[PDB]
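Before I ask anything, let me first share the structure, which is written out below as structure tokens.
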Amino acid sequence: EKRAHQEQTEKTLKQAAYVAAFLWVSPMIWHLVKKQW
Amino acid sequence: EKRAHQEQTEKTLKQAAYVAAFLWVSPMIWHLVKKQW
Amino acid sequence: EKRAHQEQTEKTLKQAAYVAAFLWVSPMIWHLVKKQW
Amino acid sequence: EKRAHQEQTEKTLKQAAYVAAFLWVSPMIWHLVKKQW
Amino acid sequence: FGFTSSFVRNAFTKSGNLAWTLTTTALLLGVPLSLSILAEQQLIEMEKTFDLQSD
Amino acid sequence: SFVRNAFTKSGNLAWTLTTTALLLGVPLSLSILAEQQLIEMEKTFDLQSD
Amino acid sequence: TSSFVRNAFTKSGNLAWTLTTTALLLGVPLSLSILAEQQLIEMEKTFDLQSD
Amino acid sequence: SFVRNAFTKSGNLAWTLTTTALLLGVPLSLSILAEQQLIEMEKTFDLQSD
Amino acid sequence: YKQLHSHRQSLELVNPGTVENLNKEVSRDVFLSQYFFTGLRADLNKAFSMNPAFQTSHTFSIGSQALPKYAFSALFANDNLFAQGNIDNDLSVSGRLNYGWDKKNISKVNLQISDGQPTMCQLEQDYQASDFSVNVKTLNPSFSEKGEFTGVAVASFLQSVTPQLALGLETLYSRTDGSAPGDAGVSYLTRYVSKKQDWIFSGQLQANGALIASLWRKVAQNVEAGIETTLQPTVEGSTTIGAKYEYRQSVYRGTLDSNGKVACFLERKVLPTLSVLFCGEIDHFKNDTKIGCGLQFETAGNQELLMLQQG
Amino acid sequence: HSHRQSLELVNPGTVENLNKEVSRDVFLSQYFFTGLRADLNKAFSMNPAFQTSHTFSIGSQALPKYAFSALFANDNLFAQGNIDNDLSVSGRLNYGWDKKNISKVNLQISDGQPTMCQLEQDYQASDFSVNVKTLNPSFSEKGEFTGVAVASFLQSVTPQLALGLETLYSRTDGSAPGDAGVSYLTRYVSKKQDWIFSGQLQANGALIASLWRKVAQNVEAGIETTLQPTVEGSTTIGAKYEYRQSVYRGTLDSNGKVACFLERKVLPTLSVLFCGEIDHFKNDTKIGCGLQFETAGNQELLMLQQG
Amino acid sequence: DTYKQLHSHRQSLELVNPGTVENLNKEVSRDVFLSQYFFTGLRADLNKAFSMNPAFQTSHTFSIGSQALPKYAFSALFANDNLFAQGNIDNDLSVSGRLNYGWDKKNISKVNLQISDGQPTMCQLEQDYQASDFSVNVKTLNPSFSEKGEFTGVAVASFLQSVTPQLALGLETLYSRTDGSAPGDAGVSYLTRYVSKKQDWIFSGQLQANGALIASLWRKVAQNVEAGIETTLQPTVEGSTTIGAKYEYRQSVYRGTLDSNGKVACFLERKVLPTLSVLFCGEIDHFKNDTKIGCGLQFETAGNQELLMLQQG
Amino acid sequence: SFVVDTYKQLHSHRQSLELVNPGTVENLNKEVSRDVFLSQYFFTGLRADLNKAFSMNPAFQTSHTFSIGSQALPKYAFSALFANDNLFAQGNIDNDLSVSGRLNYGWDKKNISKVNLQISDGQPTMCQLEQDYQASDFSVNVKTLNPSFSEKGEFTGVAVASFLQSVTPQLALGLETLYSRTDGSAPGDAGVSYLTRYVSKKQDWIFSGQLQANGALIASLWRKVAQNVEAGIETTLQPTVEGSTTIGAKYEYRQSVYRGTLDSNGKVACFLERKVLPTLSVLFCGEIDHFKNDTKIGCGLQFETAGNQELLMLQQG
Amino acid sequence: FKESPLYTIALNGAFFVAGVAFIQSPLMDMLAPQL
Amino acid sequence: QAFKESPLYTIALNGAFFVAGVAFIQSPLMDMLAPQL
Amino acid sequence: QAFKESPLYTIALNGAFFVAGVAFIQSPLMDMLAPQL
Amino acid sequence: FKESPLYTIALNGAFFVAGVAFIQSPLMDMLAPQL
Amino acid sequence: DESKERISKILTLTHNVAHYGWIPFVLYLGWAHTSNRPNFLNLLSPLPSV
Amino acid sequence: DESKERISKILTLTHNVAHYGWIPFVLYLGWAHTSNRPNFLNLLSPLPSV
Amino acid sequence: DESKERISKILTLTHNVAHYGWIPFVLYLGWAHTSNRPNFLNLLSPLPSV
Amino acid sequence: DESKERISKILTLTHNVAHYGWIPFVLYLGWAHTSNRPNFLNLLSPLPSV
């Protein structure tokens, strides 16, 4: 029963790492959208 | 009963008066006894 | 029994009036003392 | 019950010792105040 | 020795408590009075500066 | 009646707004007026210097 | 109110009696002591003046 | 014992005779000594006069 | 009694103050117990006229039990009459009226309605002579069906035996209902003024088992000091020593109590209109603090006093 | 009658002056007291002798708290008045018809007790003395006397002796007849006035035998023995040593008690007096102290008093 | 081929470094408002400065009438160019110690330690690195390892990147494991900051992992006056709205606050002396009609003669 | 070593104060209670005192005492005291054999130890041991009445320790502590009493106030008008509350000593000791109570005679 | 009549919008003194 | 109200007698009670 | 045997505080607490 | 062993005779001072 | 009695008059004794608006 | 009888006069028989104040 | 294990050192880094007595 | 115990010695410390007979 909660917290941590990586990505995407218009 | 007591007191008074009169006489008696010796 | 308490309170009032009259009279006696000094 | 009385008398003796120590301390402080005048 | 040690520690405790009480009493009785006296000194100094410049 | 309720409601609102205006204004009024006194003293010190 | 005046006379008489006996008790041995000391001082003065 | 009873009786008799002799003697001795002092003062006043 | 009156003029005595003005310097001037409060308070009084003195005062207070939330007071004072009215929230009406038949003789009425409490009124007659002061006050006068008094009656006398001292007494007779007889209590009064008006001793022996002994002293023209000791098979007492340092810009009052508590009151006048006031109390025996702050605006009603207030 | 003049008999003293030497001069029973006492008397005049006396006392049963007495004495009349607290008036008056014959009236009111008055007539002859005193005279409805009557006589049978008698007749109410009591009186004066024997056998069975003796001009001694079946008696031997500065009086009793009385004149005005009694049979002590001021009323006696 | 052109134009974007996560609401919550500064009852502060080029000063603190502030507290702090160390002693011996260390002007390492003498000792280690355009910090509260080699404690790692010279988006991650018997929980919270072009007004919004939302706006009207609004909310949902203003001067600092809970608050500091300063704070609650009043003062004095002359003039 | 040097520095620092040694706690009311007043000296009934001096360089004398008519003074009592430079020893024998013995011993002029013993032949023997040390600026003494130890090793008796420190050359504050344990079944009780003395600058008047452990207060003032006359007042007060106020004066001379006393209890007292001879001396004491109107009178005398021939000539001239 | 958590959410949101409109207004500039 | 006087009466009486006696002793009238010789 | 914190104790305490305060105010130290200006 | 009234009569009489013998003796003159 | 009802009624009326109209009577004396005699709004408002 | 009532009345009057007026009669005789004849206060005061 | 006892003992020692001697270590750094280097009394007294 | 009986016996002996022989020990110290050293009759008699 605790393994499902551990896997849920692990998925939350990996999602947080993915969102932090996407926030590091986001200046490039924002500037290229500003370059597109 | 009280009359005998009254008579006894009156007898005492008369005896005292007799003794007083004899004491008034007694200088003559004492001097004439001293004259006898 | 309440008449004794009423008499005690009336005695207290009359004694207070007597001390008030004494405190009216006594400064004049003290001024007679001060003239004697 | 008697233990509370024993503790109260022991507290009284210790308080007497404390006030005696304070009365020994006080002349030095008071003279150092008087030297400041 | 240990009873005398607790005696000396209780002496430190009462000394700190008495110092705290006398300190807060001296502050509460001194600081508004200090503000009042210092404002009065400033007002006297302002009156003296106004008197000397007028004369 | 309804008039007696409206008087009490208006009095309570006026009391709250009055103590609110006092508490939020009088320390600010003291601060601003003391700062104006300091500005006036600096102006008098500047004009007497020049 | 003559009985109040008589009570005042009684109180005054009693207070005067108490003050009188108190003054006598507190004054007479002291008066004897002071007068004896004055006589001793006068005797010392007469012994001083006849010596010189 | 009997001898201690004799000492107690003798001490009580001695005490009584002592306090009796003091009470009957000390004011009399004061009176006689004051009268001797008065006689001596009269003699010294008589010799200085003559 | 003309020769007796000339003999009374030969003493050249002074008029002593009232029984209310016995501890006026110690209890009201030096100390702060009349003046101390808790929580915030604001006063807004405006003066309409000065030759008859007339002013209206609004009083806001919060954080205390004794002071109400809103109180509007108004007082009028011509040469010989003084009229003070006070309206309160929940309608507590307080009205006092002084009337001077002369500068010596005065009659005063006090009335209090609390809207749920019995109405409390007292009638007082106060006469100051050349050398003594008498006043008789009655709280709640009422007569029974038998023609007997029911209420509180206090009669006090104060005579100066000399231009330094003043001895006197007060007597209270109280009868609550008429079923039980009323009780009487006599209290004594003693005042000693120094020769150079420097220090004043004042001792009173109350009838309830209380004694109040006080001293006032004036060190200089700006500073004052005073001590008071009050005590009452139940006996308890307190000793309070305080000082008042007044100036042209502020008024300081400090108080040290035998109950382990200290108190401070600073009335700082910062403006010709505005005035800030602070009061603080520390109890050391249970280690807590009562802090009250407040302020006073005094403003004019008309244009002339508006120029008179500023300059 | 001429031979009675030939004996050259002398007038003896009164019945009251029979034990004047032993009971009043030497002993202290008239003079002893208890607790503090102060005496304040002042003299207004001397040719009629007139003085008023204040008396303060505390701590005794007999002496009251305050007593004011005043006496007046010219050549032939004497009048003593004594007012007391709770108003007990004591008044005595002597009147001299001659240097021999005198009449006196004594009165006492205690304000709550029956008033006690006595009338006494004293006639002193060349060789005898007569006095008749009456306590509370009253006559019944039958014309009978009711009171106390004491008639006493004293004749010198020789210039050393003096024999006499006294008669007491007492009737209380009139319901019961009053009783009579006769008592005898004997006095012996020595030839060189050194010692005096004095005996009286009272009507109650009591006997009082006393002797007085003069050792020198400053010292005196005296003994008394009194006795009253239920018979008991006391033997008291005492002395008085008098001087210019003080008067000492000592007394030894057969009742196991000793007594002392010292009157020390320290000032021409002030005089201290002390009296002390010790009872050895129950071991306790009675101490009395006191003083006497005598002061003048006018300026002349004030200068006469000091010098 | 995103990486090389990424390095080139991200070097050419000219991004600015935002502040820390703790400095996200520094303007609204700490500068303008009074909740950090508000107290109750009397308090006095007595701090004296011995030196300035090493910043070193000792501070006494007396307080009475409050629950949070103790009766007596002595604090001393030392600060040279790169190390900041603060010690705090308390009555009943509650020791608080904070140590900053600057490895660089960007990179710092700090330790917070607290002993409460009857409560468990709470310590956290934080590493804070501010880059050219992002800011990271990692703090660990009560680090402890189980017998299995597993973490037990609180770990908060937060990141903040500016996508543009106005915005700054970021996140924080809190992983908490109490004992090891139960697996710890993880919570992710988002962070948003918007700075205006002329530095006039700043928007700041955070959505916490507990469902809570805190949105605030700071605005600078003039050089001496500032304003700010905050709104906080968290089924059982409740929130408060607080508007406040700070009017500062050389002699005095005023702070006013109106809350949606029916309470008002005032905070006035008067620099009446160059050494002494009075301070006052008041709170009125209208829904239950009561008032909290706190007064206090600050002496600052010198330790040496040079700062004594530098302090007055 | 270093602690002795610090103690010497502290001793010099205390010597900078220049304080004076206050008196003992027993000598706290020495002027008011014993010098001026007569409560130590008043008696009842006749009393005679007969003491003779055998020597003076060791002071030694034997005293006979006859008394009658009082409850306090016995019928016959014989006391003898010996006094060299450092030891004082008094022994008293009484009829019905009541032995009282007090012994002082001076280890120095400051530190003294004293023993007091009393046997009443039918009453429990009462003994106290007291150690009294006077320092340069304070005075400590510890007395123990009936010392005894229980089976548990615990104290049983009365222990009084008192301390008196001069805060300044005018004042002297201090305290005393009484711990009393009667039997051991009940725990002993402790009581602290306070002590205050103020001496004027010209030694004219001395205030002395003590607040006893029983709630009782004794506040006294002493004043010296001239070289031959003195005066003094005392207020002593103790659900039992009662108090008495007494004012007395002592007028002493070369020939006599007069003492007068006025009480608030409606009673007055007088005590006159007239020395009429160099050997004989007469003494009188009188008391009048006005509230119940009675009088206590005691007269008495004192002979002092010599034991040897040299003091017989030194006594007269 | 709702009395929901949405009620106090909308209440705090309306208070926040009103405060933002008050601060960004020139009336807030009028509350600023000139000096 | 009427209450018992018994503590306060005797306490204030003894205190007033003490104050009056201190004022009598400290007065120069006490010096007048002393004879000059 | 103390056995009580008696009422007379706090009576004497209040009286000693009163006497100490009167001695403090009448002293010139109270004049020293007053500023000159 | 009598313990009668005659006992105290004889006792008082013997005391009287002894006092007469003491007074009439020159020892009473010896108890008198010469001056 | 009828006198008791009369005195109770007039004391009730006196209490009602002193309750509702004491301080308006004091304000009427104030408004009568001013030279300006302002209106009712200025007489109650604490503002200096004159 | 009537003579008994008369003798009782005059003895009661004699008792009253001898009770209240014996010693003032003696003092009147004394004051008449002095050459100084002082006033009433000097006749009762024990002082030598003459 | 034994390493657990070792780490517990040294954490107890570190806790005792950080409890007793943290703020005296800060004050030692302060007193080392002053140019005046005052004594122990001036470093703790809040007075400006220098 | 046995020590209790021992201390009781020696305190009983000390009490007996202090009762019977305290004042003869004091008189022996006195008689030893005199230069004249009188006999037993002169040491107790209050007479000046030397």
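A, B, C, D, E, F, G, H, I, J, K, L, M, N, O, P, Q, R, S and T label the chains in the order they appear, each numbered from 1.
As a convention for this text, contacts are C-beta pairs under 8 Å (C-beta built on N, C-alpha and C of every residue); 3 or more make two chains touch, one makes a residue touch a chain.
Between L-O and N-O, more C-beta contact pairs join the chains of L-O.
Bringing chain A onto chain D by least-squares fit of CA atoms involves turning it by 35°, to the nearest 5. Look at where the CA atoms of chain M average out and do the same for chain Q: the two points lie 45 Å apart. Each chain gets a centre from the mean of its Cα atoms; for chain F and chain S, those two points are 50 Å apart. Mean C-alpha position of chain J lies 58 Å from that of chain T.
Multi-chain contact residues of chain E (touching two or more other chains): 24, 28, 35, 37, 40. Each of residues 33 in chain M touches at least two other chains. By the touch criterion given at the top, residues 46, 48, 50-51, 54, 56, 58, 60, 74, 76-78, 80, 85-89, 93, 95, 97, 113, 115, 121, 299, 301-305, 308 of chain K touch chain S in their complex.
Partner chain J is touched in their complex by these residues of chain G: 17, 20-21, 24-25, 28, 32, 35. Considering their complex, residues 2, 5-6, 9, 12-13, 15-16, 19-20, 23-24, 26-28, 30-31 of chain C touch chain I.
Put simply, chain F touches chain K in their complex at residues 16, 19-20, 23-24, 27-28, 30-32, 34-35, 38. Note for the complex: chain I touches chain K at residues 39-40, 62-63, 69, 278, 280, 282, 287-289, 291-293.
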